[PDB]
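Just the one chain here, the form deposited in one PDB entry, laid out as structure tokens.
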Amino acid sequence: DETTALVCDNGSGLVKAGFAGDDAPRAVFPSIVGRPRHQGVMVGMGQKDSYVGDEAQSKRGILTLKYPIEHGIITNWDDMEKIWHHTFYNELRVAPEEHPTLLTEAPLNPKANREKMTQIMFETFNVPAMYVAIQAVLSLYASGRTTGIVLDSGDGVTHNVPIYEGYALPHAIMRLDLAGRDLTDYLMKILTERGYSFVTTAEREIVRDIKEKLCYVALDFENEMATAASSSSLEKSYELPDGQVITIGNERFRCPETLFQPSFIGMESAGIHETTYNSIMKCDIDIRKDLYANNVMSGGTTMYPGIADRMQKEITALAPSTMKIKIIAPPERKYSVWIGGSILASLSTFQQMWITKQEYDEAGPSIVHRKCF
């Protein structure tokens, strides 16, 4: 009867899991699987062949860390099963065979990904029901709006979804394979100019922490670079795990600049502002005014200081001066997809949109293409 649904926002970098109706995810941990890369010499020490989540980062210095998801696509289907098993049993401490599960996926992913998630849910974990949602719709659900264009940016992909009065325009949906992971790689590359070498996968986590703590978005790039070159007031220090101290200057704002200039990492694509403007201009002329004032930002990559100010400046430069530009960046936008999924999964009217086990048995794994979206 009272079977609480499970909301699992398995992103490329973080797993956000919890119960429907809650205000925050119950379990948040990195989506990594680690394996030992050294020689075990003590008897009985070395009987574990895999580490998932936070225990993979506690043992970070002897493991090889691998991500099962790149750019929103699950490429390793055994590590993904390990991560899902960890989430269901060790983290949520719940039995999946008695809870409906709600999962999320990027708008323009291959269909085999969704079919394989459906098969794994219905055959390995024996869930009673299933649904796969689109992350931007859940961002709107969490934002308390029915009209707006969502710029979601995790660390796999960046996509734009314009929605008006609950109606989506699929032809105006954008997608970029440029997100937090590429920012971490670019910061790792440009940290070599000061003589800092981060090579292994365990140092990728240190570089990611540096990026989260120190990096920010400059309102204007050229004068910021001139100020950084003409003085030393923009430099900050960071302490490495072994006690060494590093210092970074213009690398603080040069790393997030690749979101607006993808040419830094050798991509021909346009910036996030131009992508958003292009997505808006692909909609009806009667929809554009409402979309201009409902720019909803979601994801962890949108958490840089000053990113909303620059997005508003760029859109104002692009859009006509008559329109009013608003960038909605709630302080909890890092969990907006999960919050929206929790809101949606707790609705009583939503109970008729689940993919039940009987429907799967009847129609194969392809039922998810007509039941979802």
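Throughout, rigid core stands for the largest set of C-alpha atoms superposing within 1.5 Å between the two forms. The numbering used is simple: start at 1 and walk along the sequence shown.
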Could you check whether 45-53 or 311-319 drifts more from the shown form in 4 other deposited structures of this protein, using RMS Cα distance once the core is superposed? 45-53
Hey, after superposing on the core, which one moves around more in 4 other deposited structures of this protein, 267-275 or 228-236, CA-wise? 228-236
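As for the form solved in complex with a small molecule, it is not shown, yet the points below apply to it.
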Looking in the entry with it bound, any heavy atom of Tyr131 within 4.5 Å of the small molecule? yes
Taking any heavy atom pair closer than or equal to 4.5 Å as contact, tell me whether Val137 reaches the small molecule in the entry with it bound. yes
Does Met353 reach the small molecule in the entry with it bound, with heavy atoms at most 4.5 Å apart? yes
Hey, in the entry with it bound, is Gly195 touching the small molecule, heavy atoms inside 4.5 Å? no
Counting only non-hydrogen atoms, choose the one of 168-176, 93-101, 244-252, 282-290 that falls within 4.5 Å of the small molecule in the entry with it bound. 168-176
Note: exactly one of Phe88, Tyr186, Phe125, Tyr141 sits with a heavy atom within 4.5 Å of the small molecule in the entry with it bound, namely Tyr141
